[PDB]
Structures are given as structure tokens and as C-alpha cells.
Amino acid sequence: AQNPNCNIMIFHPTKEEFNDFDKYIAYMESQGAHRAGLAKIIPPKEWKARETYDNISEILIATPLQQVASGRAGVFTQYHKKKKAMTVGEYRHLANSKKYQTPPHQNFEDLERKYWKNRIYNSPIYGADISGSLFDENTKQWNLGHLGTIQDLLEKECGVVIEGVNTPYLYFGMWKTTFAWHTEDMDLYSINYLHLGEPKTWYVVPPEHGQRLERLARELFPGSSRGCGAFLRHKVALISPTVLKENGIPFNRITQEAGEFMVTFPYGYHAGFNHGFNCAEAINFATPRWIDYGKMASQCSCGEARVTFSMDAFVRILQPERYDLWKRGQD
Ligand SMILES: O=C(O)CNC(=O)C(=O)O
Ligand SMILES: [Mg+2]
Ligand code: NI
Ligand SMILES: [Zn+2]
């Protein structure tokens, strides 16, 4: 069995290997990359996402989210308070202000220590989940707006035609902006490209050990667990690496820098934070290996998780028994 310790693998495809996206994902999995839940892909040196980032300041962040924490430094939840619209140029200036900027630090490790010590005492503003793309239309390789759609994969594998679309999303971050512990909708893959700015640190649990994380989360967030049988779908809970290590939960960490891709694999729980002002683009995707994970994915039916239009068909076809109750949650 390849990669039996479930380490995060880093790949360096040649420009020839960068042509066929599906084939490269299948190659990474042949080497055991999926066992980690997360892989890094460094693009060939000849590749570029677009020519420059000089003209992005007028993008609108319609609903910036202030991420307010509750709990203790290593075990907390966050809620998203909606703020007034602002442009990317206004958000960058905010991120660089004395109130919000990255503090002086020695290296990524020192910054990670400061994040876990002090995150809860601040409420950074995240420009998350903005439909759109920063890939130039002429970028032919690994262009996250030109991938094969999940609906087309389901049709090719299972023979059923369904409604729905699959488009990318932009994330504009600042110091301490945080993504809570989660797997993707319907335990899909994700791919994330860091277009510009400061790094993003990731934590991940191997898919084969995901239920260990869920059992810890039920212990640590006991009221939330009573409220919903899949409350990590709410995407609000954080647990630090120190707490994970104290509780014997297998995990790994890695920092993504500008110009690098990350792939998350089906049922790979992940969480993390931004180092300073940045912009990432991400989208969900599927492969034939996903289908069996989709069929078994947990679902929130309490009503909190509320998700896209296109998830309806995935539930309806892959999880017909759950459909009824899940749809109640969304309606
Ligand atoms: O970048 C972020 O804030 C969160 N991204 C993801 O969870 C992902 O790409 O799957
Ligand atoms: Mg612009
Ligand atoms: Ni994710
Ligand atoms: Zn729920």
C-alpha cells in the first residue's frame, strides 16, 4: 500500500504532465497521495494563471464576514457577522492596517504559535465565497473555471443526467482569517489555487481516520452534537494541533504559498488560517473514486448548513433514502 503513514505529498509535474488534469489526479492517487487527505501541486515553471494581478482592486466583496470566536484558545467556534460591502482595494488596505495586519514574527512556526495563542482575541474579516475566477481564459492547464463538471462525471459514471452547475469561488483573506474543520459538500474533492499574497496554513486528518476527529468533536462541542448529527457541516468548529495531539488524533500540517495548488481528497477533514492579505480560488470536483464517498456522506438536516442548488441532485440520486429529511433542512 502506497503512503501508509498518510503523509502529505508534494508534486512537481512537468509542463507535459500538466496537460491532462484527470490523468494527473489519478497518478497522484497511484502514489498514495489521497491517504493524507491533502496534497500540494507546484505548477511547472513555464505556467502562469494570468499575466498580472495589477487590476483586481475593483472586484466587490458584497458581504465581508467578521469571524467572531467563542470558547478557549484551542477549542472554539466562530460565527460570521455580516459587514458592509467593500472593494478588494478597500479590503487590502484594511488587512494592512495596524488593527488587522500580520504581527512581527520569526518564521512560519512562530506565526503558527501566535495564531493558536491569540486568534480568539481578535475578529478578522474574511471575503469568502465570492463566485468568480482570476484565471485568464487563455490559460489552458489547470484552469479552475474550465474543469469537467461534477454533473458530467455523475452522468458518465452512473448514466443519469441531472440539473446543476459547478463554478469557482474566490476567497480574499487577512491575518487570522480561519477555515473551520470540515469535509467538502457530499465529501467531494476540492482544488485550491493561491493566486497572490501571504501564505495559508492547512491542517488535515487522513480520510481513513475521519471518524476519530468526529468523535472528538462530539466530546468537545457537546451541545452542538446534540443539536445535529453532522454539525461539522456547519463549518464553525476549531480544534488546535495541540488539542488534537493530546487526544491522539492523526493529522498533518503544511503551508501553501502563492503560486501553489492544494487538492483535498474525499472525506479529508481540513482546517486552517491565512497569514496576511491573500487571494485564493477554489472549486469542487469529482472522479470515479468519489462516487462511493458521495453515497455515504453525512448530512446536516437541522437546517443550519444550507448549501447550493446543485447539491439537491447529488442527494436525490446518490442518497434517495436521506433525500426527504435533508430537503426539509434546506426548505
Ligand atoms: O481557503 C479557504 O478559506 C478554505 N478552502 C477550502 O476549504 C478548500 O479549498 O477546500
Ligand atoms: Mg478590478
Ligand atoms: Ni474545503
Ligand atoms: Zn446541522
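Restricting to DSSP loop positions (anything but H, G, I, E, B) with no more than 15 other Cβ atoms inside 10 Å of their own Cβ, which trypsin sites (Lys or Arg not before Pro) remain in region 281-331?
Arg306
For region 219-278, with only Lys/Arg (+1) and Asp/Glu (-1) charged at the beta-carbon, what is the dipole magnitude about the Cα centre, in debye rounded to 20?
Its charge dipole is roughly 220 debye.
Please report the antiparallel percentage of the DSSP beta bridges confined to the chain, to the nearest 5.
Bridges in the chain that DSSP calls antiparallel: roughly 95 percent.
Is region 182-331 best put as rounded, prolate or oblate by its Cα gyration tensor, with a ≥ b ≥ c the root eigenvalues, rounded for a/c under 1.5, and otherwise prolate when a/b is larger than b/c, oblate when not?
oblate
Among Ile125, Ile254, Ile317, what is the fewest-to-most ranking by other Cβ atoms within 10 Å?
Starting with the residue having the fewest Cβ neighbours, the order is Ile317, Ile254, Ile125.
State, as an integer percentage, the relative contact order of the chain based on alpha-carbon contacts under 8 Å between residues 6 or more apart.
23
What's the local net charge at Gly197, with K and R +1, D and E -1, over the other residues with C-beta under 13 Å away?
Numbers: positive: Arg92, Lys200; negative: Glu198, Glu257, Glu260, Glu281.
Residues close to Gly197 contribute a combined charge of -2.
Rounded if a/c is under 1.5, else prolate if a/b is larger than b/c, else oblate: which is region 150-208, with a ≥ b ≥ c the root eigenvalues of its Cα gyration tensor?
Values: a/c = 3.12, a/b = 1.85, b/c = 1.68.
Since a/c reaches 1.5 and a/b is larger than b/c, the shape of region 150-208 is classed as prolate.
What shape does the chain have by the C-alpha gyration tensor, where a ≥ b ≥ c are the square roots of the eigenvalues, rounded means a/c under 1.5, and otherwise prolate means a/b greater than b/c and oblate the rest?
Rounded, because the longest to shortest axis ratio a/c is under 1.5.
Can you pull out the chymotrypsin sites (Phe, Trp or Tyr not before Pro) in region 274-328 that DSSP calls coil and that have at most 14 other Cβ atoms within 10 Å?
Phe309
Hey, can you rank 178-189, 226-237 by average C-beta count inside 10 Å, highest first?
Order by mean packing, descending: 178-189, 226-237.
Kindly provide the GluC sites (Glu not before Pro) of region 6-97 that DSSP labels as loop, not H, G, I, E or B, and whose Cβ sees at most 11 other Cβ atoms within 10 Å.
Here the sparse-neighbourhood loop sites are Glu16, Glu46, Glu51, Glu58.
Throughout, read-outs are computed from the coordinates displayed, never taken from laboratory work. We place every Cβ from the backbone using ideal geometry, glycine too, and count neighbours over all the protein chains shown.
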